[PDB]
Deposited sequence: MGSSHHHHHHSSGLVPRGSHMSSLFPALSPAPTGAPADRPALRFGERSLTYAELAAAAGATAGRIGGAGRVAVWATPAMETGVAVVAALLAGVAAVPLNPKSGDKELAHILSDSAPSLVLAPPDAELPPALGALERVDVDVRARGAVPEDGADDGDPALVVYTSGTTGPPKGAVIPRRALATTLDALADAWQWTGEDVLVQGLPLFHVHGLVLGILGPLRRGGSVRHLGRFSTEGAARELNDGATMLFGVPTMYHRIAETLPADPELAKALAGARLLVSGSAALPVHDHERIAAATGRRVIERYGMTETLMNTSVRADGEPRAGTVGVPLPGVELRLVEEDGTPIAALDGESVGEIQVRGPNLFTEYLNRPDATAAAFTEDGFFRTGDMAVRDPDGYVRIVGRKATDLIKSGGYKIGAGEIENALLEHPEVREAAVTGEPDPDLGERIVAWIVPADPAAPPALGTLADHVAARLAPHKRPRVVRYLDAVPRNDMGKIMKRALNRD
């Protein structure tokens, strides 16, 4: 899976940078030795997945040990953590030494990840179908489901992207994405390591941080559309950001659609374009605009190498006929953990995954996503948010009689979460802050409502 790390590297390749988080870093040899030390302490593991160097060591340790890692959002609330811990039943939690873990984890064995540790790299005995990660992802109803992603899916999606993006071990990625979803963790940490390149993770994203790295040796930027929107807003004021983007080898957006207004403001300011790729937790990456292809705003390009894609079958490349994307290939997840019926429902009889995403293809083969089959989802900041579980959390509040949750358009977030509340007392309805704080404390801050509306009645 990472031949630059296992077996332990030597000579020149060993002293190449691997991970950089501000002034902290690990070379390939250092990462292999720190992850090896950690791997020997863990013969399912949770990872307290802060946007910090320890998280890269932890996840690499789990992969070197052949043990599935379950990334935890360090801002998850008590309900969300309890569910993941009960469902995935990890043996221990890998954490940074200084982290303060919440009481939901009080009974789990804690293994501190020491980035200065030096141990052997374990023999690789893993098989291609073995679980690599369990990544919790929201559905439209109920608590999040654990997508079990096999080792083969990581290797294939990363090598497919390498071909599409002309990504090599000479590339230096900058990113500031969360490390408990596949965008930040699989593409943004495991990808550079599989290529033999490096990643500079910003900790918290900022336009200034991205510009600094791109002007100082970083060659690629990955972000969600919100980050590109903030880039587009800042460009007129920020000559160094414009030069940074103009000089980059590749700018990539994913997790949600990049609006054409943001695309064109970047192109107007910098003279170059942002590649979009389309993927999901359950499928990893399906399509992309290629580095050697035509840049076309509002498209997600062509199927990656090894991905079988169909629209439902719609045969014409007419830019009009709307159909459901379905995909098959070695990029696919294994199952939803503990959910064999939901797993079966997600697949056609002939083994294609039903994305729910609606698209056309143009005469060049390029896919344009244009909606959804039956049921809209909520994407806020490029996080997929499930309405049902926010409703269920709101219903616990004593000032809420009934709740419905929707998304509405937001130029920065894409969509923002709306809470529609039948109050306990219509003359004293609960304010937004009380409801937002409650959802943030139960689930996670990124899931909080940003708007509250009061009604007499909501759907049942």
query: What portions of the deposited sequence, indexed from 1, have no corresponding C-alpha atom in the structure?
result: 1-23, 67-69, 339-343, 492-505
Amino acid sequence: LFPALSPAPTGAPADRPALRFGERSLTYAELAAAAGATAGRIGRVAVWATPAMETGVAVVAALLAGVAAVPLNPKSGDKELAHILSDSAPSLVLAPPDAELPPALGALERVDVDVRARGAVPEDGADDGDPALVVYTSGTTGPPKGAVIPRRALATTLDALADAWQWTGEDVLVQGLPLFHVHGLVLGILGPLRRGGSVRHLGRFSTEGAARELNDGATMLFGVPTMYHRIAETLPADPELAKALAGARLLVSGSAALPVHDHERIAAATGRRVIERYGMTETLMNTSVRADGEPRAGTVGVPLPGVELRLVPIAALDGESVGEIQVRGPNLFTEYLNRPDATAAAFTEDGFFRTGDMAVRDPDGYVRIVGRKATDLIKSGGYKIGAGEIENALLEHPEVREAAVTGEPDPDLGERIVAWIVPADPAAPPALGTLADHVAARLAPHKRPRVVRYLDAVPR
From here on, numbers count along this sequence of modelled residues.
message: On mean Cα temperature factor in this entry, is 88-96 or 277-285 the higher one?
response: 88-96
statement: Quick note on 200-208 and 335-343: per-entry mean CA temperature factor is higher in 335-343
query: Taking the values straight from the PDB record, which of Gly414, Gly56, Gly407, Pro430 has the highest C-alpha temperature factor?
result: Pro430
Candidate set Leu185, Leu193, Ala155, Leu108 [ranked by C-alpha B-factor, highest]: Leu108
task: Taking the chain's C-alpha temperature factors as the reference, tell me which third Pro71 falls into: lowest, middle or highest.
output: lowest
statement: Chain thirds by Cα B factor, record data; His261 belongs to the highest
task: Please place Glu399 in the lowest, middle or highest third of its chain by C-alpha B factor as given in the entry.
output: highest
- prompt: Lowest, middle or highest third: where is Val115 by C-alpha B factor in its chain?
  reply: middle
- prompt: By its CA B factor, does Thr38 count among the lowest, middle or highest third of the modelled residues in the chain?
  reply: highest
